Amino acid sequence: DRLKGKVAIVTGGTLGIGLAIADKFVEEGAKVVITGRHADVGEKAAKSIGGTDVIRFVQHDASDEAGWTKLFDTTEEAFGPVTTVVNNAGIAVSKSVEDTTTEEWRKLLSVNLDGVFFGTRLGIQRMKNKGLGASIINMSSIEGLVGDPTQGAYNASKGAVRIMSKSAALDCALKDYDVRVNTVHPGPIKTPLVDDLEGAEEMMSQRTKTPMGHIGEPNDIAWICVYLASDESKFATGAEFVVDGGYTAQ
């Protein structure tokens, strides 16, 4: 239906937000390849959504540049030319800037920043000039808009994704590539990332944090991603789509 004919790569599509994006993309008629590092999780995730006629898992670390090439090749062979890239894989580290080790800094940036760069660069290269209505959806966060004292490297990575995506959006638009680039900025969402940080859900559910008084769910981010992947959003590029319970409005 709303994504008829689309062919999407969703990185980190085996749990949490990415899993829900994959789920709703398939529901709307897209063919999907989901990636993650853990093949046990990934093969189960794909089967939980559908058969191999509509979704497949590829084991791939988003920080692995060479694997990105193989990932597009595998997706093309399975489903035809890629039309949609969701750079969603990402990790956190609970450290202030002051307390961030250089190893933590480089590791987080290798996934959250390099991975989004590799996927955006290759997405442009693979999808430009093909009349596909192509769309690159880069997962930022409210932490790409406001700071947090205890996620210094994470803040750096999400602010970089925010503005790098604008550069790509502009170049694709000016060159008539038929590729749009936008960023999505979730507020707190119930995912393993949040579930595995003790007390995170309670802290983020305070009204001083999220005015709605609760955190979101992965489908809240899947539905804005369906909009940005569909041709309904053919005039949206370089823009920031914030789904955050009011977090950044105060």
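A residue's number is simply how far along the shown sequence it sits, counting from 1.
In this entry, 192-200 has the higher mean Cα B-factor, the comparison being between 192-200 and 48-56.
For the segment pair 82-90 and 68-76, the entry gives 68-76 the higher mean B-factor, averaged over Cα atoms. Note on the listed residues 165, 102, 155, 140: the highest Cα temperature factor in the record is that of 102. When the Cα B-factors of 132, 113, 170, 136 are read from the PDB record, 132 comes out highest. Remark: residue 161 belongs to the lowest third of its chain, ranked by C-alpha B-factor as recorded. Looking at the C-alpha B-factors along this chain, the one for residue 206 belongs to the highest third.
Looking at the C-alpha B-factors along this chain, the one for residue 175 belongs to the highest third. For residue 214, the recorded CA B-factor ranks within the middle third of the chain. Only modelled residues enter the ranking. Ranked against the other modelled residues of its chain, the C-alpha B-factor of residue 95 as given in the entry falls in the highest third.
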